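As a starting point, one isolated chain is supplied in structure tokens, in the form deposited in one PDB entry.
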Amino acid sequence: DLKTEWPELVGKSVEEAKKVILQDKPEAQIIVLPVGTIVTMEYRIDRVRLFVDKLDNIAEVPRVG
């Protein structure tokens, strides 16, 4: 059971999300982007993109990639 998504983080702050993700995935390379940002298709097993809203809350389920 590999932890690959954090549905429990939707609506939480980016600071709380970073803390949780690094506890579950200490190698995570955390990227913080506005919702709607276009990204590439290249997969990175250690990257976790956090898509944030106007108040810097997690707006979409974080996933590895």
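Sequential numbering from 1, following the sequence displayed. Shifts are known only where both forms have a C-alpha. By rigid core we mean the largest C-alpha set that fits within 1.5 Å across both forms.
From this point on, the text means the form deposited in another entry, which you will not see here.
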- request: Given a change of 3 Å or more, say if the Cα atoms of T40 and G36 sit closer or farther in the other form than in this form.
  value: closer
field: Comparison of CA distance in the other form with shown form for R44, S13, at least 3 Å
entry: farther
query: Okay, core lined up, where does the chain shift between this form and the one not shown, counting runs of 3 or more residues with each Cα at least 2 Å away?
result: 39-65
